[PDB]
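These notes concern the structure reproduced below.
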Amino acid sequence: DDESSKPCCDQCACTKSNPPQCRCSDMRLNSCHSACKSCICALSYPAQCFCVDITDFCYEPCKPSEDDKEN
């Protein structure tokens with residue numbers, strides 16, 4: 001029922017490694033969620049944040065619900 005916490009992604013990227021490394025949702029103009037143990041955040045306005053946590057599959061794009069939304 002809590003599909004709002006489901007981890008997602010936006011800007012995905014992988015580093016040359018073996019296995020390859022992969023961090024995503026690099027920057028955030030607000031804050032993170034419950035999928036970044038090592039998240040950095042600057043309590044300011046406009047707020048600033050980052051997620052250095054890494055995975056091996058790069059989560060899937062965000063913006064649940066239908067498909068696109070803005071464009």
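Normalised Debye scattering of the chain at q = 0.16, 0.20 Å⁻¹ gives log10 I(q)/I(0) of -0.63, -0.92, counting only Cα atoms as equal scatterers and leaving out solvent. This ranking places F57, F50 by how few other beta-carbon atoms lie within 10 Å of each, fewest first, which gives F57, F50. Ranked by how many other Cβ atoms sit within 10 Å of their own Cβ, fewest first, the residues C36, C41 fall in the order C41, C36. Highest GNM mean-square fluctuation among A47, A13, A35, for the chain modelled with Cα contacts below 10 Å: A47.
Cβ: placed from backbone, ideal geometry, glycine included. Neighbour counts: every protein chain shown. Taken together, the values in this text are just the output of simple stated rules run on the coordinates, not laboratory data.
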